[PDB]
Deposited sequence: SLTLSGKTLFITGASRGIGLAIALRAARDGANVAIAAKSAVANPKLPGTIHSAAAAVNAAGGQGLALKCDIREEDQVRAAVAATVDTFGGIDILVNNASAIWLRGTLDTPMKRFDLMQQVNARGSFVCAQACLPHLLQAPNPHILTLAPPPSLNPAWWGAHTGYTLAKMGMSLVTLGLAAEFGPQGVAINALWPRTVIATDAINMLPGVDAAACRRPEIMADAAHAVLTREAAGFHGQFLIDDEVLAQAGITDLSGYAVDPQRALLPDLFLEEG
């Protein structure tokens, strides 16, 4: 089987949710995982920290590094990348997972909220790519994997929540540009997005668990990077190609019709 043994992953926002799931799937292989996230001090209101994540990585079979990194701050990103290189010797894989969401219209989106989304999503992916690339370019099989949808100019999607669509498609379009620039230099710069809503008026019973994205990420990240860039991939399709065709186990409640994810057309 393909493995991330010996590889070093820098994963943003991986104190919880999809980032943590991806971290743990890589850890199972013996990967080094740098958890770069803002949450350091334990808060019951939003459980999970860089430190709990690093411990979970260690318990899952990997080597965890907890890095206090508010990715809105370039200096913290730079410091976290240097720490990762100092601890593990390099960076093989960047996963741009950190994301903030808010589905209201423009008159109902305070600039504080708009700014949080732009800074964490599109800007966070850009600055992390910028900081990691010098090290990625020296690795044997470098990946940047951004958790973002295929780019779209669908006016309905844009009008539905312009602030969030700007920030999330921003991640997609940063991926598009990075892939165009650096893909030809051997870096696999791609995106991965879930078919359904992931449980991390939206009902978790109509969702899938984050392990679908962890397993899909694994399938992408173990691919040869040379010649593999600018792709916008979906979890179910990735897993099918990898030989995982029975997705029933990923369902929170397998008797429920699944909620479709934002930013994918339904055929």
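Colleague: Going by C-alpha coordinates, which parts of the deposited sequence are missing from this model?
Modeller: Coordinates drop out only over 201 to 207.
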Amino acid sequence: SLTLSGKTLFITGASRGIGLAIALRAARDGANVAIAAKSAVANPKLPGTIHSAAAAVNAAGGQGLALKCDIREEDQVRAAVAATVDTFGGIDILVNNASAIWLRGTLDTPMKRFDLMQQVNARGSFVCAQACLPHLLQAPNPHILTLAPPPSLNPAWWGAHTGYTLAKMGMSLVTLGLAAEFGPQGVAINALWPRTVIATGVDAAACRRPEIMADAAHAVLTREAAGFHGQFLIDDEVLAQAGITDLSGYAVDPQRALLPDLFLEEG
From here on, numbers count along this sequence of modelled residues.
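Colleague: Comparing 102 to 110 with 142 to 150, which stretch shows the greater average C-alpha B-factor in the deposited entry?
Modeller: Result: 102 to 110.
Colleague: Which is higher on average in the deposited entry, the C-alpha temperature factors of 202 to 210 or of 229 to 237?
Modeller: Of 229 to 237 and 202 to 210, the stretch with the higher C-alpha B-factor average is 202 to 210.
Colleague: Looking at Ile50, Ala27, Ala242, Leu221, which has the highest CA B-factor as recorded?
Modeller: That would be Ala242, according to the entry.
Colleague: Considering only modelled residues of the same chain, in which third does the CA B-factor of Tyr164 rank: lowest, middle or highest?
Modeller: CA B-factor rank for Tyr164: middle third.
Colleague: Sort the modelled residues of this chain by their C-alpha B factor and say whether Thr12 lands in the lowest, middle or highest third.
Modeller: Bottom third by C-alpha B-factor.
Colleague: Grab the CA temperature factor for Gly61 from the record and place it in the lowest, middle or highest third of its chain.
Modeller: Middle third.
Colleague: Please rank the C-alpha B-factors of the chain's modelled residues and tell me whether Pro155 sits in the lowest, middle or highest third.
Modeller: Its C-alpha B-factor, which the entry lists for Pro155, ranks in the middle third among residues of this chain.
Colleague: Taking the values exactly as deposited, rank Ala55 by C-alpha B-factor within its chain and report the matching third: lowest, middle or highest.
Modeller: Lowest third of the chain for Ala55's C-alpha B-factor.
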